[PDB]
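# Structure assessment
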Amino acid sequence: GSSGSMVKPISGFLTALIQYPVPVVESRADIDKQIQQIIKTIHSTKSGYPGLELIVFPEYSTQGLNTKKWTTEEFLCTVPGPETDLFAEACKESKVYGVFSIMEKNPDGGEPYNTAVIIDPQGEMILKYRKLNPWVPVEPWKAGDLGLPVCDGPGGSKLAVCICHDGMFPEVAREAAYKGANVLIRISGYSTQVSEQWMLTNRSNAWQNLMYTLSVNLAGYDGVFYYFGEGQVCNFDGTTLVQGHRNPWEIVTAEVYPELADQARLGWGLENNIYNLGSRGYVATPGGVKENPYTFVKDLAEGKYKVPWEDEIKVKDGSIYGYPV
Amino acid sequence: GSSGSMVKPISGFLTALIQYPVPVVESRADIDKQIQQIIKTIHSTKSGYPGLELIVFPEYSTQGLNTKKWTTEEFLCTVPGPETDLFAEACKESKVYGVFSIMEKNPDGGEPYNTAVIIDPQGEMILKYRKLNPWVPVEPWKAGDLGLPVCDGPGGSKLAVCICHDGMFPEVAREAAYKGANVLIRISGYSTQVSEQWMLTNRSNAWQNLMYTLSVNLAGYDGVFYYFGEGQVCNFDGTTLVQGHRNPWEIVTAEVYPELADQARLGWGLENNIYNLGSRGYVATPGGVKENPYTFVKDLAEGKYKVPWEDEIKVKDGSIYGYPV
Amino acid sequence: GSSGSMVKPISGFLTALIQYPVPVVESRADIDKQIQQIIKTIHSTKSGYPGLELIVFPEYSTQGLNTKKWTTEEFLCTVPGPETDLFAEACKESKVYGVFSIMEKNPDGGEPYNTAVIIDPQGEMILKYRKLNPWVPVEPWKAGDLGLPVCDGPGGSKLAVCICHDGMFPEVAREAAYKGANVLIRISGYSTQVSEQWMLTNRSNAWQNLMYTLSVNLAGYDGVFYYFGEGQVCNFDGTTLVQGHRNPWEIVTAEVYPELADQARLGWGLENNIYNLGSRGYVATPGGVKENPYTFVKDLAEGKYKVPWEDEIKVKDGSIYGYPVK
Amino acid sequence: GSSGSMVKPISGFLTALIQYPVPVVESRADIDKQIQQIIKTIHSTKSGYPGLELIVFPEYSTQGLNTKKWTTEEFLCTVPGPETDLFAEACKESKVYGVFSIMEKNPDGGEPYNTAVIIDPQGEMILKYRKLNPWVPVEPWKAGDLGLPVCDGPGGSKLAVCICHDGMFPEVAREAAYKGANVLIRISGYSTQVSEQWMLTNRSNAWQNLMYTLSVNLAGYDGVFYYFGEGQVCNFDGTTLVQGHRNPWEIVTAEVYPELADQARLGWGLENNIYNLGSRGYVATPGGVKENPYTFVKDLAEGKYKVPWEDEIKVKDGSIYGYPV
Amino acid sequence: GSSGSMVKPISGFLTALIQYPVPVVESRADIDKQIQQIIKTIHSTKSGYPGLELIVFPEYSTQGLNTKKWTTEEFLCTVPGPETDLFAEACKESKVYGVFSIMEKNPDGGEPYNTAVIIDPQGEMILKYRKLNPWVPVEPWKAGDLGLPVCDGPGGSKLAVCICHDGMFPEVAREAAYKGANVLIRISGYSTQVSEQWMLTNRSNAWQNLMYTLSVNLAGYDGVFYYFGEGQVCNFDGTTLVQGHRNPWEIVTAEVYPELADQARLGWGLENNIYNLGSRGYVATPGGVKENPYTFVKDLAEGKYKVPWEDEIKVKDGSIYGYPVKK
Amino acid sequence: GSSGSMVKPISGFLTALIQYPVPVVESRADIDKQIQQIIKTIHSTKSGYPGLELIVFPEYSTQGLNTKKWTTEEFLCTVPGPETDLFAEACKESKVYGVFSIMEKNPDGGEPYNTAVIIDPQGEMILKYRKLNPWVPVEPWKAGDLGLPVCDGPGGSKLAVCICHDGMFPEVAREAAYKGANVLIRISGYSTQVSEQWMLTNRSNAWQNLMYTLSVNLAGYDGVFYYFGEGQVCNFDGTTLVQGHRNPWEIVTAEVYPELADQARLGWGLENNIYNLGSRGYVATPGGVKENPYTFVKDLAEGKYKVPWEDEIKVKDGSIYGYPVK
Ligand code: NA
Ligand code: NA
Ligand code: NA
Ligand code: NA
Ligand code: NA
Ligand code: NA
Ligand code: NA
Ligand code: NA
Ligand code: NA
Ligand code: NA
Ligand code: NA
Ligand code: NA
Ligand code: NA
Ligand code: NA
Ligand code: NA
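Cut-off values and rules
- Residues numbered from 1 in each chain as written, not as in the entry; some residues may be left out.
- Chains lettered and ligands numbered in written order.
- Heavy atoms only, no water.
- Helix = DSSP H or I, 4+ residues; strand = E, 2+ residues; numbered from the N terminus.
- Rg over C-alpha atoms; globule rule 2.2 N^0.38 Å.
- Contact = heavy atoms within 4.5 Å.
- Areas by Shrake-Rupley, 256 points an atom, 1.4 Å probe, with all protein chains shown as cover.
- Donors = N, O, S within 2.8 Å, 3.2 Å for Na, K, Ca; no water.
- Buried < 20%, exposed > 50% of the residue type's maximum accessible area, 1.4 Å probe, protein only.
- Patch = residues over 30% accessible without salt bridge, like charges linked within 9 Å, V, L, I, M, F, W, Y side chains within 5 Å.
- Salt bridge = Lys/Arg side-chain N within 4 Å of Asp/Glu carboxyl O.
- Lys, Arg positive; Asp, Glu negative; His and termini not counted.
- Charge placed at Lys NZ, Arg CZ, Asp CG, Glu CD.
- UniProt positions renumbered as here; feature names shortened; annotations may be inferred.
- Polar contact = N/O pair within 3.5 Å; in protein donor to acceptor, adjacent residues only side chain to side chain.
- Pairing = 2+ DSSP bridges.

Structure determination for this entry is recorded as X-ray crystallography, at 1.78 Å resolution.

This is how it looks when you write it as structure tokens:
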């Protein structure tokens, strides 16, 4: 990749990551005002960067983090719904791919999901993802049930999205890559608690999988936490190409060349780790050793991952934040 | 942890990571010479740091990387054998735990293993590990078949060792932690190709698992590659506490406090990721959702991990380095 | 220490350092407004971080830096007084230790002090400190007369506070440690002039004394200076564990483990400097050489510290900032 | 200051800091060898940098750290003596100021001193300093008894020297400045244990006192420790101007402008800390408050500095390193 | 230099670089507001830093970047004019040198210029510079026609100013030095696209010419771009002495010692590059070889600089930003 | 680019920059030893990195910096000559492009040149460059007279080479780019005096020209100077991709993708500076303003570049290093 210009590059695409100000949301009218602001930002960012093809908004940019109201019906939406339809129309008008965050009413009447979507330049929803790893114990969201999907994006990209806490699990980035993604998008609403670990994992998620990472967090203060922004683009070898600071409204742009990541995946010998993981020691054993050597992988596959100190873990429900058990 | 002093700390232990000069080895006599030099280093390092409890030598410190001879009978050892017995006697005399690298004859006559051992202050071998992920296509070693073991170490530690390339797989660090390790040791013989990614993964391996990492590579030139050294100690939150440069014989020391990592594992709410991985969204679903959402985990567990571009991967054997297919 | 979570750690405590926006204060009503905002921040920060035990506000967070009014009666408070009582009630309700800044009317009628207090989770004032080293020539405050006190804090801590400019004097950090502190708190209202030296001294103050440092400055623009924020937590070996940027309202949190600093003080050989300072060369001389080798220490002790170029120093009063020379 | 050229600057002087290889010294003949090497280095460095006025060698550059022989008569010298005479002749011939390290026989037959000298371009010894703060418990040296002297140096400098561990005490840098020094020279023989804290204190020692710092350590391995080098020049505001790495024989040069430090001392208002220390709150109290507010200063002045936990300190003699009672 | 205090240093001067908030400007009334705010900032900054002698405002601090109105008559000014007269009165009252940005009506009726001025402590305009390298294709400004002037400044300085994109051309910094400048001031209204390259070029512009650099950008969001601030002072050897972050209203101050740069220029042997450029290999050839070895220098001098891939360059007019393509 | 693997990438090429130990050279026999060692390094490096296409050796790697002997006939070579023939045979055998440094006898008997060559995988010399900017006053070399040439390299590259001090002149990097280079190679024998400025200029040379930079210096001590190594690969936007430290024999490798730099040159709008330099303000003036605004460019083009303080410059000959003046 590169820090880029304002044009569609010959190889690849231009992205803008928006360090969107954290919303303070008290009612549905406030959600409508965030929707209008997000839409305004799509058009304005396209006017400033005419070659733009992928614009990325953070987790909670639509609805905020009003922890006293965020699972009320007033604060939830269907996906797709009227709100994603408005985002879609704006993506169609500006001819961009957009990434949006919606807290989603559960269609079966159970606990709501934390959802991300990608909409293409024709206004079609091409990816819907439900956050696999809610940020417990503060978050009430149901664990996502759609796996980690991938879609075709601009400039030969294969895109996956993950949300905030998801990106701390190397299993999320590995899965994205395994499903074919050469660009992992991470949209986020973290407080300052993990500012260093955000940058660190954006780099490791990239390197381990020969995959670009594009990552952005909300920025500013909502009366409880400060959200750090730190929009970040990492090359497929883990090198940071562009890094935002902690200001509301910082825009982080870069040229990304997906073909280079694909080529490394096809071409690399030493450090072709995405391939090596499941085909070990291929010089000694033609084709590589396929059997799994990791007990955690077996246990997790079987739905019985259990750390040996689990009985002594103190925080296992939401009571510390006042959620009923 | 801390950059420390030369004493046994009240809560933990003192470690010395040796950026051992890369050996140039032409015969078994040269291996004997390296053995003697390693042993000399155990005693000298203990004399300089009287509180020392864990001394760590890099991969290939015993035998070098003579790629024309490294799988000949002359260049291989049994584990345990006379060579590990000499290391053991030195650990007993200096009253330290030691970590050593031996290229190991395969007891069935097949391809040899790349092995690491931990020996305790009584001279007992308490851990034997065979490199799970050889550095293909340059390395001829058989994929390890002993899993990733853990043992009791000094200062309340639970130690695991991995070797070089292994530490680029987040699955290795995750497995170590899952088996109970609160300190992952990475012994390494990498060339300069991965200097940045070495530091990056030592940090991410620590953070993702609330685990200390202690990591050291050979240093210097062997006539083919330059080996970067870069001994590194990372806190359980991923923060680098001490970092060596690229000189032969640099010694990197630090105080490590294993109980702090155990306590974070028992105590942390937000970012208790080692627990969260297999018990998702516990606020919405009491006890957490246990079902595996990752296709790669299923496929790997089933011995059928296969990336979707596998047929187009160019490097699948050792022919580029002159190994017969 | 560590960058931490939102829980009370098993060995220590969780702290939040608030890069409070610099207040623009024109009247007593504005001071009341800041008090309300500080109190609101205590409750809101505790709700976000349930394990929180120590919340730290910067210098001038209560009253601002209105240099045309800051020594008028309207802009000063008694310590304790109604304002610290309101802070105390908030610390009691949220069950936290709090650190606050109050410009203090001098009880004898002389020049006012720049004061910091620590209030415990029962709402008791457990520490009162008057700034030893006013930021001259801009600051009008009387040099502090209470020494550098220490108190018991959360998680086995022994806390000391210093204010802004104080932390540029290694003598301040040394004194805190010598009085028993294993955590030095620095509350500050600096402009951008010293941004780099802020971070540097927070590290050196820690390392030299085998002591944690927790330090935070106001952030934002007041119409004259930009205040840099840069909340910072340093390990007892000087390593920065967490670092804020320059934004108003950034919260910097960390886990601190005071017992690790105490243990290093008891255990370290090489680099046990807090002990070595006054007991030199103990291998050659059993018990160490005790006699003072520093002329500045003697002179300062005797109230006659005088640099050899003192007669040629140009700035010796507040006239450059329009203070009358008295 | 500046990273400079190879000329005598119009306002100041050029310095070369030598990351001299740590000597391995087994006899007096080896000490003679180091003397010859040091002298060779004076001449060669002057030939390379014709404007050079101050060359600085590290602690133990003459005699090494043979901890089994370093207090024997064979390994000690008188100061002045034949060895400093040879250094002096070399300074005279090359027309430079030089800074040298000698372990010094105690003229009364008691424990030896660790000594530094400055010799001028006429071959006169203009400064003799005995290490105030031996690095206990490893070092056997008697605590210095000459205070912290200052002398006139090149380019309007007032020079002080301190040794290794001394520079960890802010009281040493403060004393140098109080005696009139505008350049503090730190010659050192530290192991890698304090690499970070070396750079940190070289910066703080400068900033706190509006003083340049010029600091250099031995580099390389002596069979026990690795010595980090890291020659460092800091501006009077604490900014690092030039920084060496950890290699034997690295030369760190810089232009230093002493009059700029003197001018800041005369001119600065805010942050004139060297003046402010003993004259507090001068706006409220004309002339400043002079009384000492620091108990440690009183106690130290009275020869009774005693930390409140002193009875529980574990390391109070050299027994951990095998020094008798 | 040094991070400094708030006094006039004995050898040099104190500067304040203002990371002025990017204005959102809809009308002339908004331009008048910015003028008042700039003036307020001059007085307030002087009150905070009594030794201050040079205050620097960014490009577009007066008029913003309203790309739909920025070349209308309502949004342009004459230089000098009533607006620079108000800046001048404020410099006189506070006794400082000031650096200001004005989008300038072209006196011949052609396309407007992007202009910077320096005003001295007596309120006299001592430098006027028209941006040589407009930020194309977004900017409509006429390429500057006044060269790169220099003037006398405080503390023995010889000042030059350049504007934003200008500082990406090493030819600009070289020219400033060649004309005698020992301090190059760069005033800027860049978006985040070049945040790293800003810091990099401020250092290289300094080192290559044995020249101090003082550089500052607008900060904040205007509804289209985020402007990064990053006020920066570099020593004459390229070392960064002080660095601002990306916040609106950050003030970056430093002591600068111009005489140290002059002395290096007179004194340095190895790396006296500003001299070496045009007198090569003087040990082998007494006086140095003077002939041009660079084809680009010849071509540029002759007004025929043409890169060998020029015919394939895609962006050669303003159409991608909706500017009509003329002639 | 990328930190890469050991393979020929699908879009570009793999390079190895050798931080070759500084030679201490006392005679022609020592030069022959360096030639053998360089050749050995070509073969060994190819064995370690089978996809390698470009290997780069530093300035003075063949002959050292024996300043008392370096212009004697014994220490000089012809270019081409037997020595470059041996390098060429090694490049042919290993199938790599190689970059070498030779101090070159002047064919007219005058002062010698400091020369760099590029040899291709068929053993053909495809580029010869004489150092334009000798490192005065220490260097005795004649100012180069061949301009700054360019050649075709591996992976669609257009290569230029410059030598040490040359890379401190932005005019050198600009010229390389103007002649078509998308990869500038800088081979160097600097002392530690310019360590920081080396890294800085390698980045600015890249960014200003939308050009990759590949740069490497000798490393180690020769009895006079320490040579810093610091092999460095910069992306065409100025971002450092790989950075060596100061050790002898460090090998710095990277994948470089020349077509990405060409594409940015064709495609970029904002910051297409290599184009913008000579066609200014093209929105206001169709085609851009072509007239030169820089007096230094006019003066230099006219062979009359003269700084206004030139009469007061103190160092104008080699006398400070003992070179006779005339
Ligand atoms: Na638009
Ligand atoms: Na950007
Ligand atoms: Na269990
Ligand atoms: Na593998
Ligand atoms: Na297995
Ligand atoms: Na423990
Ligand atoms: Na994993
Ligand atoms: Na330099
Ligand atoms: Na200090
Ligand atoms: Na790599
Ligand atoms: Na000869
Ligand atoms: Na020739
Ligand atoms: Na490399
Ligand atoms: Na010409
Ligand atoms: Na000519």
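## Observations regarding the overall build of chain E
Scanning chain E for helices and strands turns up seven helices and 14 strands. Taking 2.2 N^0.38 as the reference for a compact globule, 327 residues should give roughly 20 Å; the C-alpha atoms of chain E span a radius of gyration of 20 Å, in line with that estimate. By principal-axis analysis of the C-alpha atoms, chain E measures approximately 65 × 55 × 35 Å. Sequence separation of at least 24 residues holds for 69% of the intrachain contacts in chain E that already meet a minimum separation of 6. Split by element, the accessible area of chain E, about 8600 Å² in all, is 53% carbon and sulfur.

## Digging into the coordination of the sodium ion (ligand 11)
All names here are of chain F. Around the sodium ion (ligand 11), the protein contributes the donor atoms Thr72 (OG1) and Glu74 (OE), which lie 2.8 to 2.9 Å from the metal centre. According to the relative accessible area criterion, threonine 72 is partly exposed, its value standing at 34%. Given a relative accessible area of 40%, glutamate 74 falls into the partly exposed group.

## Section: the environment of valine 315 of chain D
Following the sequence through the fold, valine 315 of chain D ends up in the segment after helix 7 (295-301). Between the alpha carbons of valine 315 of chain D and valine 136 of chain D there is a distance of 9.1 Å; along the sequence they are 179 residues apart. Ignoring any residue separated from it by four or fewer positions in sequence, one finds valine 315 of chain D in contact with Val7 of chain B, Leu266, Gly267, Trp268, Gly269, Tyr275 and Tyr282 of chain C together with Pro137 of chain D.

## A word on a negative patch on the surface
A cluster of acidic residues, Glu259 and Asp262 of chain A together with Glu259 and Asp262 of chain F, forms a negative patch on the protein surface. Sorting the residues of the negative patch by element identifies helix 5 (258-267) of chain A together with helix 5 (258-267) of chain F as the ones contributing at least two each. Within the secondary structure, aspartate 262 of chain F sits in helix 5. Judged by its relative accessible area of 30%, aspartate 262 of chain F falls in the partly exposed class.

## Section: the UniProt feature "active site" (unreviewed entry) in chain A
Residues and elements named next belong to chain A. On the UniProt side, "active site" (unreviewed entry) is annotated at positions that read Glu59, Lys131 and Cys164 here. These annotated residues cover 106 residues of sequence, but their C-alpha atoms sit close together, with the largest distance between any two at 10.2 Å. In this fold, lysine 131 is placed in the loop between strand 5 (125-130) and strand 6 (151-152). A residue is classified by how much of its surface remains accessible, and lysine 131, at 1% relative accessible area, is buried. If near-sequence neighbours (up to four positions away) are discounted, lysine 131 is found in contact with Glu59, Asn114, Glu139, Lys142, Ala143, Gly144, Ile163, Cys164, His165 and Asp166. Within polar-contact distance, the side chain of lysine 131 engages the side chain of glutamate 59 at 2.8 Å.

## Considerations on the sheet that holds strand 9 (residues 212-217) of chain E
Residue and element names in this part refer to chain E. Pairing in this open sheet of six strands is mixed, and the strands run 6-7-8-9-12-13 from one edge to the other. The open sheet terminates on both sides in strands that have one partner only, identified here as strand 6 (151-152) and strand 13 (240-243). Pairing of strand 6 with strand 7 (residues 158-163), which is carried by two bridges, proceeds in the antiparallel orientation. Opposite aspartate 152, over in strand 7, you have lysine 158 as the bridge partner.

## A short note on the UniProt feature "domain: CN hydrolase" (unreviewed entry) in chain A
Under the present numbering, the feature "domain: CN hydrolase" (unreviewed entry) in UniProt falls on residues 13-258 of chain A. When the span residues 13-258 of chain A is considered, its composition is 24% helix and 29% strand, and the gap between its end C-alpha atoms is 8 Å.

## As for the interface of chain C and chain D
On the side of chain D, 91 residues touch chain C, which itself brings 89 residues to the contact. Connecting chain C to chain D are three salt bridges. Its salt-bridge partner being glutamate 196 of chain D, residue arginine 203 of chain C comes within 4.0 Å of it at the nearest N-O pair. Put simply, chain C and chain D have 33 residue pairs in polar contact between them.

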